[PDB]
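Let's start with one chain on its own, the form deposited in one PDB entry, as structure tokens.
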């Protein structure tokens, strides 16, 4: 395994494990500990191994003992990223397990603690686990029949430090504050936005980080740790004249896509186009790496230049950039644009994996010269304004194997 998930109960391990699957990680679940699964010859197949320590009701020391043994076994087996999955509402021998997982993971391990789960009403604000508007201790969790919660201020509960993201901060900036708060630190999160930030920061901290969280942090970390794979840029081709498409294009380019957008006269004959394309190719060869690269057909009509030729010209240029430089994936809109890109790459179809949203499928190319390249296709007029951003992003945040 590359990733190990150590949950304190069965529901938790299963829930978190499946979030890793939906992001494309080949995932194995043990209904107990890791030894039996790690014995089986087909463990090499599993990129993620999810286990439960059955420890939520245990006394501190018993809990720490099991957690220690499982992290030790995951560690010995070559695991490189560890997620400790806990209750969003803190139930369990919360402190003891955290200390045991920390120490077992390594000498410079950081426990980065944030059990928030915004979509279910749990947040961390100034260290405090809030359910809706109340500290967890004012909720039913205080009278859990098995494991009462008796402290809502996680920094008090752990005897550690606390951080709230300064400013409209960067993942890079947060990571650095987190690192200085080693070995244990609570990080606030108020909405899914703060949670995505924190995941990204954890991503930057790399092997040393031990995220301790609930379902909230799972999917975000699965995507971050999938972001690790990269093959160069996502090429986005936009041939459509539909207003929705033009706005979606504007939105992507504003987000930072490097954009080549030829005039009508430039697409008009082979002579202008050959010269114009050689410059695109030569420049992109030498320019800095960018996450998204867009090719954009111009608005309007020029006599004797038909829509299909525009599409072909742009698809052939896409195919040239994919083949000569490499790419993480291709996004194409509208239909004629998608057709032209598949044609120029000699692909026969798309092997579907999932979608960005209904009607915006995500798969990989079948046949031809870039078989296996992740691909997203979309009708020209379909989708909300942000869909091309979301499409490029969806390719980067999925594990493909």
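Positions refer to the first chain, counted from 1. Rigid core: the largest C-alpha set superposing within 1.5 Å between the two forms.
Beyond what is shown, the protein has a form deposited in another entry; the following relates to that form.
Peer 1: Can you spot, among 72, 144, 138, 306, the one with a CA shift of 2 Å or more between this form and the one not shown after core superposition?
Peer 2: The only residue crossing the 2 Å threshold is 306.
Peer 1: 2 Å or more on the CA of residue 255 between this form and the one not shown, with the rigid core superposed, yes or no?
Peer 2: After core superposition, the C-alpha of residue 255 moves less than 2 Å between this form and the one not shown.
Peer 1: Any chance the CA of residue 243 moves 2 angstroms or more between this form and the one not shown, core superposed?
Peer 2: No, shifts by less than 2 Å.
Peer 1: Superposing on the rigid core, is the Cα displacement of residue 178 between this form and the one not shown 2 Å or more?
Peer 2: No, residue 178 moves less than 2 Å.
Peer 1: Closer or farther: how do the Cα atoms of residue 300 and residue 344 compare in that other deposited form versus the shown form, where the change is at least 3 Å?
Peer 2: They are closer; the C-alpha distance drops by 3 Å or more in that other deposited form.
Peer 1: Look at the CA atoms of residue 307 and residue 378: state whether they lie closer or farther apart in that other deposited form than in this form, given a difference of 3 Å or more.
Peer 2: Here the pair is closer than in that other deposited form; there, farther apart.
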